[PDB]
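Peer 1: Let me give you the structure first, and then I'll get to my questions.
Chains as they are written, first to last, in the numbering used here: chain U, 1 to 8; chain S, 1 to 226; chain R, 1 to 213.
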């Protein structure tokens with residue numbers, strides 16, 4: 001799926 | 001629990017900008033992507049974009065790029081949506097919504113803000129004109145008369161309508177407002193009552209419009225013929 | 001953009017029925033598909049994600065299946081709180097898009113509307129406009145044809161309807177149709193009529209009045 005990067 | 005709380009309703013002229021805020025409580029704000037979605041009256045759901053609150057990275061739908069901007073402020077757990085160069089086509093309820101974001105990908109929107117209504121129009125604030133919808137012997141149906149008030153030409157939404165200061169509730173229908181071709185709103189509120197007692201009962205509609213700071217009453221009486 | 005087409009768009013059902021709602025995608029979206037419920041005045045609530053995983057807090061009478069381009073949401077043993085609009089959504093590429101919705105409303109017996117017509121008030125005419133209101137009260141099903149006839153001529157383009165949400169007590173609808181004319185156009189004609197066609201009416205009902213009487 002689309003993603004918008006890591007969040008930790 | 002986990003909640004998102006948005007800022008209050010906005011009213012703007014075409015060409016203006018609006019900034020809507022959304023604050024997260026009960027979970028780590030920067031742990032989940034946050035979407036912005038809008039819904040115009042009577043219509044479906046349209047995705048504007050989303051933001052990673054940790055990094056600040058965003059994706060904006062093609063049709064809003066260069067016009068809608070998403071930011072955040074970690075110190076107050078708040079995301080912002082700035083919509084610029086507004087037109088009446090931007091009138092809608094705007095939602096922020098958290099993604100479950102398992103695996104750092106979109107999965108589904110599990111916590112939603114309560115929404116923020118944004119109205120864009122060239123109209124100016126105006127309280128309603130209130131006209132009686134008078135019952136007539138000629139309109140009797142069985143043992144029933146219908147009566148009401150027409151609440152015409154106000155801007156922006158909403159109005160509130162009661163009858164007899166809230167003492168009359170049974171049989172009342174206050175219709176959803178319609179946006180007229182003039183750009184002002186209108187609605188009617190109606191009630192069914194006994195025909196037999198129209199000569200002695202009292203019916204007053206109470207119409208309040210907070211944006212214009214107006215409170216109006218209209219008595220509604222049976223039509224007589226001379 | 002991916003188009004999500006839901007069918008049916010509108011459905012009537014009873015408590016205890018099983019409802020099957022389909023979402024067809026214009027290109028494949030794998031399992032990257034969610035379903036939502038929305039009630040009037042409220043944000044949507046998530047029901048399903050990963051095409052078939054149930055969201056925590058959702059009853060087990062909700063289930064879903066599919067992949068690729070064909071998905072199905074099934075609500076078994078329908079309960080009163082399940083009458084709502086349902087939407088699918090994909091997240092397989094940008095932009096995210098939603099289906100057009102499927103509204104599930106509750107069946108009840110046919111009820112003909114009571115019909116009332118209201119001439120414009122003298123107060124409003126004094127201001128340059130005339131609004132004529134036709135009210136259809138407490139009817140089922142929702143489908144109703146309301147036509148304005150002015151000196152026997154059918155009107156078009158000068159009226160607006162508003163409908164209530166289905167009543168939580170009696171499962172009926174009420175509807176207003178408002179004909180709005182300038183004073184000049186109102187004064188052109190004499191006989192104002194609203195004609196109502198509805199399943200509960202053996203023949204159409206007309207309510208009318210004569211301007212200035």
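Note that CB positions come from ideal geometry on N, CA and C, so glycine has one too.
Report the option in S:44, S:99 and S:130 whose CA atom is closest to the CA atom of residue 93 (chain S).
Peer 2: When only C-alpha atoms are compared, the closest one is S:44.
Peer 1: Can you give the Cα-Cα distance for residue 197 (chain R) and residue 157 (chain R), rounded to whole angstroms?
Peer 2: If you take the alpha carbons of residue 197 (chain R) and residue 157 (chain R), they lie about 19 Å apart.
Peer 1: By Cβ distance below 7 Å, which residues in the same chain neighbour residue 66 (chain R) in space, the five residues on each side in sequence not counted?
Peer 2: Counting only Cβ-Cβ distances below 7 Å, and skipping sequence neighbours, we find 51 and 72.
Peer 1: When DSSP labels each residue in this structure, what does residue 76 (chain S) get in the three-state scheme?
Peer 2: Helix.
Peer 1: Which same chain residues end up closer than 6 Å to residue 5 (chain R) when comparing Cβ atoms and leaving out the 5 residues on each side of it in sequence?
Peer 2: If we look at residue 5 (chain R) and ignore the five residues flanking it on each side, its Cβ neighbours are 24.
Peer 1: Counting only runs that start and end within the segment 93–138 of chain R, where is the beta strand (DSSP E) found for 3 or more residues in a row?
Peer 2: Counting whole runs of 3 or more residues, the segment 93–138 of chain R contains the beta strand (DSSP E) stretches 102–106 and 114–118.
Peer 1: Go through its chain and collect everything with a Cβ distance to residue 136 (chain S)'s Cβ below 6 Å, but skip five positions before and after it.
Peer 2: Cβ neighbours of residue 136 (chain S) beyond the five flanking positions: 223.
Peer 1: Can you tell which of S:108, S:213 and S:215 has its C-alpha closest to the C-alpha of residue 31 (chain R)?
Peer 2: It is S:108 whose Cα lies nearest to the Cα of residue 31 (chain R).
Peer 1: Among the residues of its own chain, which have a CB less than 6 Å from the CB of residue 135 (chain R), if the five just before and after it don't count?
Peer 2: 116 and 176, listed in sequence order.
Peer 1: What is the DSSP secondary structure of residue 81 (chain R), counted as helix, strand or coil?
Peer 2: In this structure, residue 81 (chain R) counts as helix in the three-state DSSP scheme.
Peer 1: Along the segment 94–118 of chain R, where does the CB come closer than 8 Å to a CB of chain S? Name the residues.
Peer 2: Those would be 94, 95, 96, 97, 98, 99, 100, 101, 114, 115, 116, 117 and 118, in chain order.
Peer 1: If the criterion is Cβ atoms closer than 8 Å, does the pair residue 51 (chain S) and residue 79 (chain S) meet it?
Peer 2: A contact, by the Cβ cut-off of 8 Å.
Peer 1: Please confirm if residue 1 (chain U) has its CB atom under 8 Å from at least one CB of chain R.
Peer 2: At least one chain R Cβ lies under 8 Å of residue 1 (chain U).
Peer 1: Answer with buried or exposed for residue 185 (chain S), where buried requires no fewer than 16 other C-beta atoms within 10 angstroms of its C-beta.
Peer 2: So residue 185 (chain S) ends up on the buried side.
Peer 1: Counting only beta-carbon atoms, is residue 67 (chain R) nearer than 8 Å to chain U?
Peer 2: Not one chain U Cβ lies under 8 Å of residue 67 (chain R).
Peer 1: Since I believe residue 207 (chain S) is in contact with residue 128 (chain S) (beta carbons under 8 Å), could you give me their beta-carbon distance rounded to a whole number of angstroms?
Peer 2: So it is a contact: roughly 6 Å between Cβ atoms.
Peer 1: Report yes if the C-beta distance between residue 159 (chain R) and residue 148 (chain R) is below 8 Å; otherwise report no.
Peer 2: It is a contact, given that the beta carbons lie within the stated cut-off.
Peer 1: Can you have a look at residue 145 (chain S) and say buried or exposed, based on whether 16 or more other CB atoms are within 10 angstroms of its CB?
Peer 2: Buried, by the Cβ-count rule.
Peer 1: Using the beta-carbon count (16 or more within 10 Å), is residue 115 (chain S) buried or exposed?
Peer 2: That one is buried.
Peer 1: Measuring only the C-alpha atoms, how far is residue 193 (chain S) from residue 188 (chain R)?
Peer 2: Looking at the two C-alpha atoms, the distance is approximately 34 Å.
Peer 1: With a threshold of 7 Å (Cβ to nearest heavy atom), would residue 156 (chain R) be considered close to the ligand GDP?
Peer 2: Questions concerning the ligand GDP fall outside what the structure shown contains, since it holds no ligand whatsoever.
Peer 1: Just to confirm the assignment, what range does the alpha helix (DSSP H) spanning residue 203 (chain S) have?
Peer 2: Where residue 203 (chain S) is concerned, there is no enclosing alpha helix (DSSP H), given that its DSSP letter is neither H nor E.
Peer 1: Can you tell which of R:193, R:182, R:133 and R:109 has its C-alpha closest to the C-alpha of residue 150 (chain R)?
Peer 2: If we check each option's Cα against that of residue 150 (chain R), R:193 comes out closest.
Peer 1: Name the chain S residues whose beta carbon is nearer than 7 Å to that of residue 73 (chain R)?
Peer 2: The contacting residues do not exist; residue 73 (chain R) stays about 13 Å from chain S at best.
Peer 1: Verify whether the separation of the beta carbon atoms of residue 119 (chain S) and residue 91 (chain S) is less than 8 Å.
Peer 2: Yes; because the gap between Cβ atoms is below 8 Å, this pair is in contact.
Peer 1: Quick one: residues in its chain with C-beta nearer than 6 Å to the C-beta of residue 211 (chain R), no 5 flanking neighbours on either side, listed in chain order?
Peer 2: Counting only Cβ-Cβ distances below 6 Å, and skipping sequence neighbours, we find 190.
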